[PDB]
Amino acid sequence: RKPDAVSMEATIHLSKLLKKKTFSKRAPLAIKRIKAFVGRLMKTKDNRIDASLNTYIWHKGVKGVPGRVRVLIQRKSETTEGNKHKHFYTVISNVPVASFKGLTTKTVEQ
Amino acid sequence: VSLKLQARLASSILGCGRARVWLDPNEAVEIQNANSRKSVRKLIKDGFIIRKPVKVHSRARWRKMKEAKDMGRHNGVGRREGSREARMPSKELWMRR
Amino acid sequence: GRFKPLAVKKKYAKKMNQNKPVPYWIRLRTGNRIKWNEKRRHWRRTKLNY
Amino acid sequence: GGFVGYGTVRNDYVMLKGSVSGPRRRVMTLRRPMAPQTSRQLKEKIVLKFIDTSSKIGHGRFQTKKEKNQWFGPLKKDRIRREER
Amino acid sequence: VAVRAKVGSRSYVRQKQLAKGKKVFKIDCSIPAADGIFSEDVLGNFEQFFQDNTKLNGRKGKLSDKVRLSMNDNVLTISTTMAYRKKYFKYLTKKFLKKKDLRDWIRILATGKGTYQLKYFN
RNA sequence: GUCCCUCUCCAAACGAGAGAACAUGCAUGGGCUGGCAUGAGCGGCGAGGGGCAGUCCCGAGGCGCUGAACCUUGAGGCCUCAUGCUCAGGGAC
RNA sequence: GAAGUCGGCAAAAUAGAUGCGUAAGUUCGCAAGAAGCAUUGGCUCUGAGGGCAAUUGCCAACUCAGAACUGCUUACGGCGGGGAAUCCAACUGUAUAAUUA
RNA sequence: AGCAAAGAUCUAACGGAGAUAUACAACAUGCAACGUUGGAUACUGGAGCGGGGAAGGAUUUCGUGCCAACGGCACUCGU
C-alpha cells in the first residue's frame, strides 16, 4: 500500500486526447483531461494545477496545445475538522523538459 | 472582500487605467482599510499598490525593414498595390521641377 | 440632460421625496389599513414626463 | 505492420475471394455451400501467383522487411545501435 | 540620406568623433567588490569583458586607442575620444551580470553625471 | 447470480449491444509500419560589397553533419519488446 | 461541364499594379478596364531625380529605372467575368414605410 | 418547444451559510455555482463593450449594509 504523500512524475500524451476537438475548446478541455488523468491514478478528487502547468498549456493559445507534458504530482492529506472520512488532494505541477523520448514514468523518492 | 473601491481610486490617483494598477494579493487585508484618497496614496507610497509598465509595442522590426526598404529592396512591381499617380502624383513631381 | 427649468426641477424634487417607504410605526395605528406604499415608483417603469 | 486494427494472424486461416460482410475482428461462420455448384466459374482449381504483403497503412511499396532494408540500408538510428557494441 | 547605404558596408560603420577632447565614464564596483561576490578575478574579467565586447566602429574586440579602459583603484573608468552614449555602458554591464547570473542581486544606477554604481536590492 | 459505478470499442442520438472484472488491462517509453522532405545549432560554395594593408568582416541562397527533425492511434495502426500503476473493487436488488 | 431548371437561381469564375494592344456603332463626348497578350518574389549592386554654404565642402527625405545571382508548393486580406443582338425608357433623379423599384 | 448573432475562457490563494457535509484507507457516497486579488489566454482595434455633450430620462451617480422579490441560467454581484 503506497503511502500517502507520494510524489511521482509522468508524461501525459495530450495530442491523442485532444484529437479533432473544437479549437476554441482545446486548452480549457486539456486541463479537465489532466485532472481526470491524474485523478484516477492517484484516486483523489480536487486536483490542483499550479501556475507552472496552467501557463504551459495556454502559452501557445487556446488552439495549439503542446502534444505532451511532464507533470509532477504531489498528493497530500488534508481534512477539515469534523469530517468522517480522510480527504486527499494532489498538486499537479509542470516539469519543463527539452525532449520527451525515453522518460517513461518514475516516482520521485522525495 | 472586495477591493473594487481601492482599485477605482488607485487608478484615478495613478492616472492609469486598469491593466496597469497592481493590488498586492498578499496584503489584501491591508489594502482594504483604505477608504479614501489620502489613505490610498499611503499604499502607493508603501509599495502595496503599483502602476505596471506599458505593454511592449516594439518598432524595431519596422526599423530594420525601413533601412532595407531605403536601399530599394521591397518596392518592386509585385509589391505595388496602388496606382502610380496615387503613390507619386505626377502633379507633385512637376511642381518639384 | 443638464438643462431644466427650476419649476420643473422642483416637481422632480417633490417626487423624489414621495418615494420613501411607509414608516414602521404607522402600521401600528389603531384601525390602520396602509401597509406598503402603493404610490412608490422606479425610473425604469412609469416615467414622469415633466 | 500488421492488419490495421487487427494485428498478426497467428493461426491457420482461410483466404477467400471478395468482400465478407462485417468489420475486422467479428466472428463469422463459413458453411458448406447450399447453391448448386456446376459451372466454369464455380468449379476451378485456383493457383495463386502472388500474394500482396505490402503495408496497408499508407501506400506500401515493400513486400518484406528485407526489401525495405535494401532500399535504405544503413540509417542514422542504425549507425547508433552498433555503438552499443 | 544623401549617399544611399549598402549592405556589406554594415561592417565598419563610422561613429561620430568628439572634436573637443576626452570623455570619461565610470563604473563604480566598490560595494559588491567589498563583499567578495566580486573577486580580483571577476574584476580582471570585468575589465576584459569590456575590452573584448565594446565595439568601436562596427567591430568589437579591437579598440585602438581612441578609447582607453582602466581599472585604477576599485572603480572602472572608460576614457574615450569617440562619442559614446553613457547609456551604452549601462547596457554592457547588465549584459555581463547576466552571464555571471549576478543580476538578480547586483543592480546598477547612476550616481553621478559620468558614473554608474553597482549596488544591491532592497 | 443480475444491474449500477469503473475500463475497452466489432455497438451507439439517449437506452440497448459486444466485452473486460488485478487482465499486457491501463499508462508512458522502445522498436516496427507509415506521412513529410532533410530540423535547430555550428562550420570552410556564393552575385556582389565594406574595412585595413593579402587579409578581416557584410550577403539571399547553397554544401556538410542529415532520408535528418517532427509526427505515428487518438472515435480508439502493429509488435510484450521494456518498465510504471492496482494492494480486500464500491454500491443496489 | 447547364445535359439541371420556368430561367445559369445558387455556386464557381474574373480580379491589384505596370507595359503593349483594343472592334462595330456614335450626338465625336465616348464605346473602353472593350476584347486580348505579358511582367511581378528574395537578394546583392548600378543609374537618374535635390538642398545649403563658401569649382569645392557638408547634408536630408523618398521615388523610379536597369543589371547579376537565387527561389516558387503560383500560396493572407482586398479586388471587374467578358462578347454578339432584340424590346422599353434618352440620361442623373424620384417612387407603393410592411409582397410590385 | 426552447433559453443556438456579437469568438472564451483557465488556474491559485483569499472571501462566503453556499463544505473536503458519510453508520472494516483515499476514487467508486456533497454535486454544481458565486465574488475579489495575482497570474495566464483572448476579444474590441481610434467609424472602439474609449473620453465628453444635445433630445429623452431624473437620483440610475456615491459609501455602508443586504439576497425576500427582481436582473427569463446564476450570483456573495447590481442600474
# chains A, B, ... in the order shown; residues from 1 in each chain; ligands from 1
>>> interface_residues(of="chain D", to="chain F", cutoff="12 Å", atoms="only C-alpha atoms (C1' of nucleotides)", output="NGL selection string")
:D and (1-9 or 21-28 or 54-62 or 64-65 or 68 or 71-78 or 81)
>>> select_by_dssp(residues="chain A", states="strand (DSSP E or B)", output="ChimeraX atom specification")
/A:7-13,47-49,68-77,88-94,105-108
>>> write_last_selection(atoms="C-alpha atoms", output="mmCIF file, in the first residue's frame")
data_model
loop_
_atom_site.group_PDB
_atom_site.id
_atom_site.type_symbol
_atom_site.label_atom_id
_atom_site.label_comp_id
_atom_site.auth_asym_id
_atom_site.auth_seq_id
_atom_site.Cartn_x
_atom_site.Cartn_y
_atom_site.Cartn_z
ATOM 1 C CA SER A 7 5.155 12.359 -5.402
ATOM 2 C CA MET A 8 5.583 10.855 -8.857
ATOM 3 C CA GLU A 9 6.052 12.428 -12.275
ATOM 4 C CA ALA A 10 4.918 11.239 -15.676
ATOM 5 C CA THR A 11 4.207 12.153 -19.288
ATOM 6 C CA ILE A 12 0.671 12.707 -20.435
ATOM 7 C CA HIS A 13 0.260 12.259 -24.155
ATOM 8 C CA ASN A 47 -6.672 18.000 -8.332
ATOM 9 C CA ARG A 48 -4.873 21.332 -8.322
ATOM 10 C CA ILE A 49 -2.967 22.853 -11.230
ATOM 11 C CA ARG A 68 2.963 16.137 -24.419
ATOM 12 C CA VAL A 69 3.612 17.304 -20.868
ATOM 13 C CA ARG A 70 5.703 16.014 -17.965
ATOM 14 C CA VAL A 71 3.844 16.691 -14.744
ATOM 15 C CA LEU A 72 4.990 16.338 -11.147
ATOM 16 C CA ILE A 73 2.188 15.012 -8.982
ATOM 17 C CA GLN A 74 2.289 15.526 -5.209
ATOM 18 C CA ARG A 75 -0.583 14.103 -3.201
ATOM 19 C CA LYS A 76 -1.029 15.231 0.393
ATOM 20 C CA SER A 77 -3.524 14.669 3.209
ATOM 21 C CA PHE A 88 -6.603 13.814 -0.068
ATOM 22 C CA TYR A 89 -5.658 16.187 -2.852
ATOM 23 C CA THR A 90 -2.898 16.423 -5.419
ATOM 24 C CA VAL A 91 -0.836 19.298 -6.774
ATOM 25 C CA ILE A 92 -0.110 18.832 -10.455
ATOM 26 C CA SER A 93 2.847 20.937 -11.497
ATOM 27 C CA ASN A 94 4.868 21.236 -14.651
ATOM 28 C CA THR A 105 7.247 7.402 -15.602
ATOM 29 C CA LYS A 106 9.045 7.239 -12.265
ATOM 30 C CA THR A 107 8.252 8.102 -8.666
ATOM 31 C CA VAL A 108 10.311 10.803 -7.021
#
>>> residues_around(residues="residue E:121", least_positions_apart="2", cutoff="10 Å", atoms="only C-alpha atoms (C1' of nucleotides)", output="PyMOL selection string")
chain E and resi 104-108+119
>>> residues_around(residues="residue E:86", least_positions_apart="4", cutoff="9 Å", atoms="only C-alpha atoms (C1' of nucleotides)", output="ChimeraX atom specification")
/E:25,90-91,114-115
>>> residues_around(residues="residue C:41", least_positions_apart="2", cutoff="7 Å", atoms="only C-alpha atoms (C1' of nucleotides)", output="compact mmCIF listing (two decimals) with N, CA and C atoms, in the first residue's frame")
# COMPACT_ATOMS: atom_id res chain seq x y z
N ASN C 19 -41.02 59.00 -2.63
CA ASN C 19 -40.73 57.59 -2.83
C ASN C 19 -40.33 56.86 -1.57
N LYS C 39 -48.02 54.04 -3.92
CA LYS C 39 -47.65 55.03 -4.92
C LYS C 39 -46.16 55.04 -5.23
N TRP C 43 -37.64 54.70 -11.76
CA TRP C 43 -37.49 55.36 -13.05
C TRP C 43 -37.56 54.38 -14.21
>>> residues_around(residues="stretch 17-30 of chain A", least_positions_apart="2", cutoff="7 Å", atoms="only C-alpha atoms (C1' of nucleotides)", output="ChimeraX atom specification")
/A:14-15,32-34,57-58,62-63,65 /F:74 /H:10
>>> closest_atom_pairs(of="chain F", to="chain A", cutoff="6 Å", atoms="only C-alpha atoms (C1' of nucleotides)", output="Markdown table")
| residue | atom | partner | partner_atom | distance |
| --- | --- | --- | --- | --- |
| F:28 | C1' | A:104 | CA | 4.7 |
| F:29 | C1' | A:104 | CA | 4.9 |
| F:74 | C1' | A:16 | CA | 4.1 |
| F:84 | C1' | A:105 | CA | 5.9 |
| F:87 | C1' | A:1 | CA | 5.3 |
>>> interface_residues(of="chain E", to="chain G", cutoff="9 Å", atoms="only C-alpha atoms (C1' of nucleotides)", output="list in words")
residues 1, 2, 6, 7 and 8 of chain E
>>> write_last_selection(atoms="N, CA and C atoms", output="PDB file, in the first residue's frame")
ATOM      1  N   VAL E   1      19.111  60.104 -47.636  1.00  0.00           N
ATOM      2  CA  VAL E   1      20.190  60.289 -46.685  1.00  0.00           C
ATOM      3  C   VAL E   1      21.461  60.602 -47.472  1.00  0.00           C
ATOM      4  N   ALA E   2      21.309  61.408 -48.522  1.00  0.00           N
ATOM      5  CA  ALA E   2      22.389  61.713 -49.469  1.00  0.00           C
ATOM      6  C   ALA E   2      22.870  60.385 -50.054  1.00  0.00           C
ATOM      7  N   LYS E   6      24.691  50.776 -48.276  1.00  0.00           N
ATOM      8  CA  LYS E   6      24.883  49.448 -48.812  1.00  0.00           C
ATOM      9  C   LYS E   6      24.853  48.479 -47.648  1.00  0.00           C
ATOM     10  N   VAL E   7      24.304  47.319 -47.877  1.00  0.00           N
ATOM     11  CA  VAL E   7      24.640  46.196 -47.026  1.00  0.00           C
ATOM     12  C   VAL E   7      26.010  45.720 -47.469  1.00  0.00           C
ATOM     13  N   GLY E   8      26.763  45.130 -46.565  1.00  0.00           N
ATOM     14  CA  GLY E   8      28.159  44.935 -46.836  1.00  0.00           C
ATOM     15  C   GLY E   8      29.009  46.093 -46.418  1.00  0.00           C
TER      16      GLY E   8
END
>>> interface_residues(of="chain B", to="chain H", cutoff="7 Å", atoms="only C-alpha atoms (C1' of nucleotides)", output="list in words")
residues 1, 2, 3, 23 and 25 of chain B
>>> write_last_selection(atoms="N, CA, C and O atoms", output="PDB file, in the first residue's frame")
ATOM      1  N   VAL B   1     -13.271  39.628   0.343  1.00  0.00           N
ATOM      2  CA  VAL B   1     -13.548  41.052   0.390  1.00  0.00           C
ATOM      3  C   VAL B   1     -13.430  41.634  -0.998  1.00  0.00           C
ATOM      4  O   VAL B   1     -12.791  41.055  -1.865  1.00  0.00           O
ATOM      5  N   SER B   2     -14.054  42.786  -1.203  1.00  0.00           N
ATOM      6  CA  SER B   2     -13.983  43.436  -2.497  1.00  0.00           C
ATOM      7  C   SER B   2     -13.090  44.658  -2.418  1.00  0.00           C
ATOM      8  O   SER B   2     -13.355  45.599  -1.669  1.00  0.00           O
ATOM      9  N   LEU B   3     -12.020  44.632  -3.197  1.00  0.00           N
ATOM     10  CA  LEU B   3     -11.102  45.750  -3.329  1.00  0.00           C
ATOM     11  C   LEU B   3     -11.538  46.680  -4.449  1.00  0.00           C
ATOM     12  O   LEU B   3     -10.777  47.555  -4.861  1.00  0.00           O
ATOM     13  N   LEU B  23      -2.699  45.557  -7.340  1.00  0.00           N
ATOM     14  CA  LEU B  23      -3.009  45.435  -5.924  1.00  0.00           C
ATOM     15  C   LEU B  23      -2.336  44.184  -5.382  1.00  0.00           C
ATOM     16  O   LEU B  23      -2.480  43.104  -5.954  1.00  0.00           O
ATOM     17  N   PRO B  25      -1.614  40.908  -3.849  1.00  0.00           N
ATOM     18  CA  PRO B  25      -2.535  39.866  -3.381  1.00  0.00           C
ATOM     19  C   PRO B  25      -2.224  39.351  -1.994  1.00  0.00           C
ATOM     20  O   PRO B  25      -3.078  38.704  -1.380  1.00  0.00           O
TER      21      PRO B  25
END
>>> residues_around(residues="residue E:45", least_positions_apart="2", cutoff="12 Å", atoms="only C-alpha atoms (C1' of nucleotides)", output="PyMOL selection string")
chain E and resi 38-43+47-53+71+76+93+96-97+99-100
>>> write_last_selection(atoms="N, CA, C and O atoms", output="compact mmCIF listing (two decimals), in the first residue's frame")
# COMPACT_ATOMS: atom_id res chain seq x y z
N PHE E 38 32.26 39.91 -5.96
CA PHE E 38 33.37 40.10 -6.88
C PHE E 38 34.68 39.63 -6.25
O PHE E 38 34.84 39.60 -5.03
N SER E 39 35.63 39.26 -7.10
CA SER E 39 36.98 38.96 -6.66
C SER E 39 37.93 39.65 -7.61
O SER E 39 37.51 40.19 -8.64
N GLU E 40 39.21 39.65 -7.26
CA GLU E 40 40.22 40.15 -8.18
C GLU E 40 40.12 39.44 -9.52
O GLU E 40 40.54 39.98 -10.56
N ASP E 41 39.58 38.23 -9.53
CA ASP E 41 39.36 37.53 -10.79
C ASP E 41 38.28 38.20 -11.61
O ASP E 41 38.50 38.58 -12.76
N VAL E 42 37.09 38.37 -11.02
CA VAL E 42 35.98 38.92 -11.78
C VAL E 42 36.24 40.36 -12.19
O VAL E 42 35.79 40.79 -13.25
N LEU E 43 36.99 41.12 -11.39
CA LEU E 43 37.38 42.45 -11.83
C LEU E 43 38.36 42.37 -12.99
O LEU E 43 38.33 43.21 -13.89
N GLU E 47 36.91 44.13 -16.56
CA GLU E 47 37.66 44.95 -17.50
C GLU E 47 37.85 44.23 -18.82
O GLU E 47 37.65 44.82 -19.88
N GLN E 48 38.27 42.97 -18.77
CA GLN E 48 38.47 42.22 -20.01
C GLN E 48 37.18 42.13 -20.81
O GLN E 48 37.21 42.23 -22.04
N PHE E 49 36.05 41.93 -20.13
CA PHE E 49 34.77 41.88 -20.83
C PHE E 49 34.59 43.10 -21.71
O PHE E 49 34.35 42.98 -22.92
N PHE E 50 34.70 44.30 -21.13
CA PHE E 50 34.60 45.49 -21.96
C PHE E 50 35.71 45.55 -22.98
O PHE E 50 35.51 46.04 -24.09
N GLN E 51 36.90 45.07 -22.62
CA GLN E 51 37.99 45.06 -23.58
C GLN E 51 37.66 44.23 -24.80
O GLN E 51 38.03 44.60 -25.92
N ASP E 52 36.99 43.10 -24.60
CA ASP E 52 36.59 42.22 -25.68
C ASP E 52 35.30 42.63 -26.36
O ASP E 52 35.21 42.55 -27.59
N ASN E 53 34.27 43.05 -25.61
CA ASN E 53 32.94 43.21 -26.18
C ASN E 53 32.50 44.63 -26.54
O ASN E 53 31.41 44.77 -27.09
N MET E 71 41.37 50.11 -14.87
CA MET E 71 40.83 49.52 -13.65
C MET E 71 41.32 50.24 -12.39
O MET E 71 41.13 49.73 -11.29
N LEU E 76 36.08 51.12 -12.32
CA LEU E 76 36.40 51.08 -13.73
C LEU E 76 36.12 52.42 -14.39
O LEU E 76 35.10 53.06 -14.13
N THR E 93 27.29 46.39 -18.93
CA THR E 93 27.38 45.87 -17.58
C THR E 93 26.26 44.88 -17.29
O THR E 93 26.53 43.78 -16.80
N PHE E 96 26.96 41.75 -18.84
CA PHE E 96 27.97 40.97 -18.14
C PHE E 96 27.38 40.28 -16.93
O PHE E 96 27.68 39.11 -16.66
N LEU E 97 26.53 40.98 -16.18
CA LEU E 97 25.96 40.42 -14.98
C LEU E 97 25.08 39.22 -15.29
O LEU E 97 24.87 38.35 -14.43
N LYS E 99 25.69 36.89 -17.59
CA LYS E 99 26.49 35.69 -17.74
C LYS E 99 26.91 35.12 -16.40
O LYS E 99 26.80 33.92 -16.16
N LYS E 100 27.41 35.98 -15.51
CA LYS E 100 27.70 35.57 -14.15
C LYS E 100 26.44 35.24 -13.36
O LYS E 100 26.55 34.70 -12.26
>>> select_by_dssp(residues="chain C", states="helix (DSSP H, G or I)", output="PyMOL selection string")
chain C and resi 6-17+25-27
